[PDB]
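The structure appears right after this line, and notes come after that.
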Amino acid sequence: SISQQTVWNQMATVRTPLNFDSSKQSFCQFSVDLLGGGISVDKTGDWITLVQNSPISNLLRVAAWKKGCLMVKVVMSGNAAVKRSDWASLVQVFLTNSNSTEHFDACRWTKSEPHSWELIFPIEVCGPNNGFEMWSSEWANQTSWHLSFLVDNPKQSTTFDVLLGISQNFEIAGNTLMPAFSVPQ
Amino acid sequence: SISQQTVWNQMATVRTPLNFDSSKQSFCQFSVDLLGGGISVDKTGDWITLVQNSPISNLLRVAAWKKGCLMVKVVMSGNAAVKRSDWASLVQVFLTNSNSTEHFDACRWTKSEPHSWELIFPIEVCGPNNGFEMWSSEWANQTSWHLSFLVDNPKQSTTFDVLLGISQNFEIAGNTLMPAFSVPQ
Amino acid sequence: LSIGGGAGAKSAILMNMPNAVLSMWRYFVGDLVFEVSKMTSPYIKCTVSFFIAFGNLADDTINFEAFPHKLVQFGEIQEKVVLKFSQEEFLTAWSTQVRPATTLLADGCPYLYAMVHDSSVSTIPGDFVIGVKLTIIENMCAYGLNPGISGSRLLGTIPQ
Amino acid sequence: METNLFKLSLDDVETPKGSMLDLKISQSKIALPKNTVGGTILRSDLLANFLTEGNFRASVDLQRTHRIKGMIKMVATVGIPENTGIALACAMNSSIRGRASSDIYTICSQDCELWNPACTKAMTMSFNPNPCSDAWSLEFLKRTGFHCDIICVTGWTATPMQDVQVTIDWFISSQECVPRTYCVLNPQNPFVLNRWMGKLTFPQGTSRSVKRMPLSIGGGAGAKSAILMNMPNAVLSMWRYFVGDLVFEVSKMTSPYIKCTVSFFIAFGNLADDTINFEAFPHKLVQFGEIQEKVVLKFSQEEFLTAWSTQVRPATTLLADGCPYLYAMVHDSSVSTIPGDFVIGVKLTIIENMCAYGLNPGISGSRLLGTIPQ
Amino acid sequence: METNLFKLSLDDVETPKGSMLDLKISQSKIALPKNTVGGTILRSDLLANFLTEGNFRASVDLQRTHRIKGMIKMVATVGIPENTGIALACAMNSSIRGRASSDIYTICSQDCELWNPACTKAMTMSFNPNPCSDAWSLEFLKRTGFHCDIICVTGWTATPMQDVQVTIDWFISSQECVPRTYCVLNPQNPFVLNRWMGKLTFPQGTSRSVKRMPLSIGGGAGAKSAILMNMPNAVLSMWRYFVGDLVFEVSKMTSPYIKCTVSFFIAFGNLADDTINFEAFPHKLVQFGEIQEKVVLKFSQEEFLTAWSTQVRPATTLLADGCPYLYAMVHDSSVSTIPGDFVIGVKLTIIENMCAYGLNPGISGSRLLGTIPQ
RNA sequence: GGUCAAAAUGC
RNA sequence: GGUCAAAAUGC
């Protein structure tokens, strides 16, 4: 085919509010629309989000019809000044196709590893065209893939990095006509 | 072919500055050019670096055209007088082809295991000649493979050892005419 | 001739799938088929010279036309000239992306030079304008996978 | 009455073909000052800088042509009488990364040839600069570092009356470029190594002036506080144990007037220099014809019983090597009627019908290899 | 190990062969300043100075090759819209002896072509500079005087917005050189004459603006106090009486927007300009297609009864010429929507199936021939 | 007569 | 194995 080993590419980098009042609760909440390219956040604070203008990130935002398997990676880089006997943080991860409460969860992981953790898993896009799917289109009351998170003691489990990779069998077709992507500095 | 089991060979051994003022920050930073043979370091201290004049280390420095898969290994031997309930150190690892900020990361690992950790991963060299690549040559604005690190509480996560191994399918051709390698003692 | 990320914008990158994907790869070759369109009034005349080189050359390089080159001329009512550069005009595959600052002295990637071999002449104010579109890469070879490089460079535009 | 430009032949992407004259890219003149001592870099630059040195028929063709699927041909020329001799070399390597070494170990792995002008009054080397494919470019040669080193390995025997100049004629050849790649873990055959195995110097007189060369050949060349290296060795050293047939190339670098009959064989290091009895070993006696400068020597794999170690620590006492050595001796004498020292250089060209059992973790540095004046 | 220089291919005496690209000798850029008036010498130099103007693939081949048995090929190029027009010409003659004339009579006998860029956006002329044999040299071109004159014969109709530049591409051709010699007393067939027979200008309106051209054609061109001359005329005038078929070439030099239908026939000078009745004569009506610029006209030998005189004194009153004339008339009108004057140039290319009865002692000077602005 | 143009394009 | 040399000259 066309292949290279261990070459994944960046999508997400979500950082947690610094201003967080351990009083109006313990958790912080956020979501990543893997097939849409959008980070949705809390009102808990002033969140620092960034989506990376990656070959793929770039591609999934523009390509209107998607069939195949993409590979995801979420990494927790945390607050390392916190002494390991003093860790109080879990982070509940969810995989859904809507941001609706009435929809049900596809997969559900819960990780509580001090200072850092890794999570590698497959997502597959199956749709009504010929097996092709379009981002949350009204056509077959179509959907996406969403990766939502729930952080407990967000002052500890501070940073989140989302990477994905592509499958030899990802096929697109069409152009979702999108505005200009913003490039830092 | 030509093969032997569990015979890898040394490349890197990076040690962290002893003189480190936990005041001008928490982290120390460093990089290893796997396909070039160079350790680039901080200004944080007086770093103790060594590259090993290994059959391979030796080979990759001299061989001007590289196609194939090499196997890497980074090992963290740390400060073991530090009591395990008292660990405050992570070390963020990155894999890039340039030492530029504008380039994007290929893979990204973050490990926070007390006193010692291991990390085994494949790197593959794909290039424009016939599928052959040359170290950071201007020809097809060519590149390398870089393994950069970020150490938090470098007084803890003290030592780093980099080993690689070769793939039955590593093919070189040409001689990068290099100065004399320095041999200790 | 590096063509990944797409179009440059002030503070942003512009994108279309056929580029999105290209940029998924790292290095590329093939035959590049370009489509030159006249967009000015059949009364504005020019003979345009196209070839393939590198960026290190000065604009006063007498000697280019001693390069494979193809001279284009438009017939009054003719508006499309299809141009084909063969894969034999390139030795080694080139990089799909090159940082946006990379100085015309550091590109190791092939460029597509267009020149006036004569003159622009008319009897009415006007500027000769021809648009170039890379229609298909034929007999492609893509060695690689691009982690990415932030943004891209600019592409010409302007009035009328 | 009009001409179509489109159907004009201004877009030809083809490799220059022609007569040796028509396909002439440059003319380099190199200077051989009569006070030259050996190990002297006569001129070290970039090939592209060597080729861009005159406006000769295919010169612009070299510059304004993107793919050249033919070979760079050198033709060198300097005549020196028979009572003296210099030993020059043209080493073409694929890149230079810094202030690099210009020994002969370090510069002879890819494509280089040694020649004594007293014997060979006109050399011709041909090479393929992209050892990975079939075409090259000048911009390639330019932005990749192709290097050409012209060095003196064993200085003048007799100092000429005035200075000398070697003129190298450069051309594009009529013959196609063929790759030469190396799989490091699955060598080919015959494996190309090209290793300076030593500069053997035999003083004038009746001294067996016995020269022993380690057959362990990984790490490469020794340096004061360092190791010198060339890929064909880099890789060898990737393995652990080796055998095969070792094909050596003995070159005369002194003046056809300095005579000696040299005796070559294969043994071990435990033997004393006064071993009457060696020549009762398979041995081959070499003698050079006046204008003869190259003797190719082939030792068969049947001269070795078991594979040997690719590396042996540098201190390993000539009493502890369990690895075969390549002994050179004077079977008669060194004789001349002019001051001089008999000097012959040995290069291991190819290991044929190789067997590599193993994988070498490595052993720090390596030992020294002969060199010296003139 | 040695190379024989003798059996090397460094002594090839052959004419460069190749692709139109490979056989490119130069690139001249000529300047057409928008205030150009006609009769303007755009550039008059030496061919060898025209060809030595860039380093292009066979450029050194032009210089370091003694015998070239192929042809100099020019490819010119400048585009001008359809509402204007210039009339340029490239005249290649074989030598210049002094401060010479650059008319069009004087510079079009050997090998020259006129072209209106509005109609012909790319011209290609090919010539053989040694009209006496099959090969040329640059040193020939150099030390003999081969000349190239680039002139404007009928200036801009509409003045362009800024300056213009004509780029001439020079090359060596794939086709052999063939001589063209002249026996003066035993002409060939078809005899090549190439004579500027006049620059006929027809003002805008309904004027029969009748132009009569003498068919007596020896001495050549008139000048104030002098005679202008080109070999093909020199020789003609060597004879006394002549006939044959006269082949004329009518070229438009004004902007495709200036319209006229021109009527050509053959008569005598005794007729008044108000002769209703001519078109009851064999006549041929010419009309130009927008981008059409050349009409070739052939009058057969059957349009003349008896041979005519090659020379007639310059004063001979339009009432005393017994020699046939070439009348041009406006059969309609000159019409345009832009100021301009219809201008067409006439050149007698070849006399075919000639008969020359005689030998001319000569008659002093000759008459005038049309010319003027733009 | 020479020159020139022409006997046409795409994978 | 590549290179190279060689399978030779004159009218």
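Ligands are numbered from 1 in the order shown, residues from 1 within each chain, and chains are lettered A, B, ... in the order they appear in the structure tokens.
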Which residues of chain C come within 12 Å of chain F, and for each one, what is the closest pair of atoms and their distance in Å to one decimal, counting only C-alpha atoms (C1' of nucleotides), sorted by chain and residue number, as CSV?
residue,atom,partner,partner_atom,distance
C:31,CA,F:11,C1',11.6
C:33,CA,F:11,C1',11.8
C:81,CA,F:9,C1',11.3
C:82,CA,F:9,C1',10.5
C:84,CA,F:10,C1',11.4
C:136,CA,F:11,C1',11.9
C:138,CA,F:11,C1',9.2
C:139,CA,F:11,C1',10.3
Exercise for the section: Identify every residue of chain D that has at least one atom within 9 Å of any atom of chain E, counting only C-alpha atoms, and report the result as an MDAnalysis selection string. Expected result: chainID D and resid 1:5 8:12 19:22 55:61 64 75 119:124 292:294
Chain E residues near chain C within 8 Å, closest pair each, using only C-alpha atoms, as CSV:
residue,atom,partner,partner_atom,distance
E:21,CA,C:66,CA,6.8
E:24,CA,C:66,CA,7.6
E:54,CA,C:63,CA,6.5
E:55,CA,C:63,CA,6.1
E:56,CA,C:66,CA,5.4
E:57,CA,C:66,CA,6.4
E:77,CA,C:118,CA,6.6
E:78,CA,C:118,CA,5.9
E:79,CA,C:45,CA,5.6
E:80,CA,C:121,CA,6.0
E:81,CA,C:43,CA,5.4
E:82,CA,C:43,CA,7.4
E:83,CA,C:123,CA,7.4
E:84,CA,C:123,CA,7.8
E:158,CA,C:123,CA,7.4
E:159,CA,C:123,CA,7.3
E:160,CA,C:123,CA,5.1
E:161,CA,C:123,CA,5.8
E:162,CA,C:121,CA,7.5
E:164,CA,C:119,CA,6.1
E:165,CA,C:118,CA,5.8
E:166,CA,C:118,CA,6.0
E:167,CA,C:118,CA,5.6
What does the file look like for those residues with N, CA and C atoms, as a short mmCIF file (atom, residue, chain, number, x, y, z; two decimals), in the first residue's frame?
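In the end it all went to again27.cif:
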data_model
loop_
_atom_site.label_atom_id
_atom_site.label_comp_id
_atom_site.auth_asym_id
_atom_site.auth_seq_id
_atom_site.Cartn_x
_atom_site.Cartn_y
_atom_site.Cartn_z
N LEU E 21 16.30 20.94 -29.26
CA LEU E 21 16.78 21.54 -28.00
C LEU E 21 18.29 21.47 -27.89
N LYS E 24 20.46 23.84 -30.17
CA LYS E 24 20.18 25.28 -29.94
C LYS E 24 21.50 26.02 -29.76
N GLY E 54 24.29 33.72 -25.91
CA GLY E 54 23.76 32.82 -24.85
C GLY E 54 24.49 31.47 -24.88
N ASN E 55 24.54 30.83 -23.74
CA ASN E 55 25.20 29.53 -23.58
C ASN E 55 24.10 28.46 -23.51
N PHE E 56 23.79 27.96 -24.71
CA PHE E 56 22.71 26.98 -24.94
C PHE E 56 23.16 25.68 -25.69
N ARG E 57 23.21 24.62 -24.92
CA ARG E 57 23.49 23.20 -25.33
C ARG E 57 24.48 22.95 -26.53
N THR E 77 9.44 35.49 -32.49
CA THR E 77 8.19 35.48 -31.80
C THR E 77 7.83 36.75 -31.05
N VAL E 78 6.71 37.28 -31.48
CA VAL E 78 6.06 38.45 -30.88
C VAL E 78 4.63 38.50 -31.39
N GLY E 79 3.76 38.57 -30.41
CA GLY E 79 2.32 38.62 -30.61
C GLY E 79 1.83 40.05 -30.46
N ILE E 80 1.02 40.41 -31.42
CA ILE E 80 0.42 41.74 -31.53
C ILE E 80 -1.07 41.54 -31.81
N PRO E 81 -2.02 42.25 -31.16
CA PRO E 81 -3.43 42.00 -31.41
C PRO E 81 -3.80 42.29 -32.81
N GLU E 82 -4.98 41.93 -33.12
CA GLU E 82 -5.55 42.17 -34.43
C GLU E 82 -5.90 43.65 -34.82
N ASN E 83 -5.77 44.64 -33.95
CA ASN E 83 -6.11 46.01 -34.42
C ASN E 83 -4.89 46.84 -34.68
N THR E 84 -3.80 46.20 -34.90
CA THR E 84 -2.60 46.94 -35.23
C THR E 84 -1.68 46.02 -36.00
N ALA E 158 -1.44 50.97 -35.10
CA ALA E 158 -1.88 51.36 -33.78
C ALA E 158 -0.66 51.23 -32.91
N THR E 159 -0.49 52.23 -32.14
CA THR E 159 0.62 52.28 -31.25
C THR E 159 0.20 51.59 -29.95
N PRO E 160 0.92 50.51 -29.66
CA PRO E 160 0.72 49.69 -28.48
C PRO E 160 0.87 50.50 -27.23
N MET E 161 0.49 49.89 -26.13
CA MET E 161 0.45 50.56 -24.83
C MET E 161 1.85 50.77 -24.22
N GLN E 162 2.76 49.88 -24.48
CA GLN E 162 4.14 50.01 -23.98
C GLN E 162 5.04 49.39 -25.03
N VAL E 164 7.64 46.77 -27.01
CA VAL E 164 7.58 45.35 -27.38
C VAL E 164 8.97 44.83 -27.72
N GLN E 165 9.06 43.52 -27.60
CA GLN E 165 10.30 42.78 -27.80
C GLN E 165 10.04 41.51 -28.60
N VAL E 166 10.81 41.36 -29.64
CA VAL E 166 10.73 40.18 -30.51
C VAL E 166 11.81 39.25 -30.06
N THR E 167 11.53 38.01 -29.71
CA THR E 167 12.64 37.11 -29.27
C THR E 167 12.88 36.13 -30.38
#
Practice task
Quick one: pull the distance between atom CA of residue B:115 and atom CA of residue B:70, Å, one decimal.
Solution key: 27.0 Å
Exercise for the section: Enumerate the residues of chain B with a DSSP assignment of helix (DSSP H, G or I), computed from the backbone, and present them as an MDAnalysis selection string. Expected result: chainID B and resid 55:62 84:86
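Using only C-alpha atoms, the part of chain B that sits within 7 Å of chain A is made up of residues 85, 86, 87, 88, 89, 90, 105, 106, 107, 110, 111, 112, 122, 123 and 124 of chain B.
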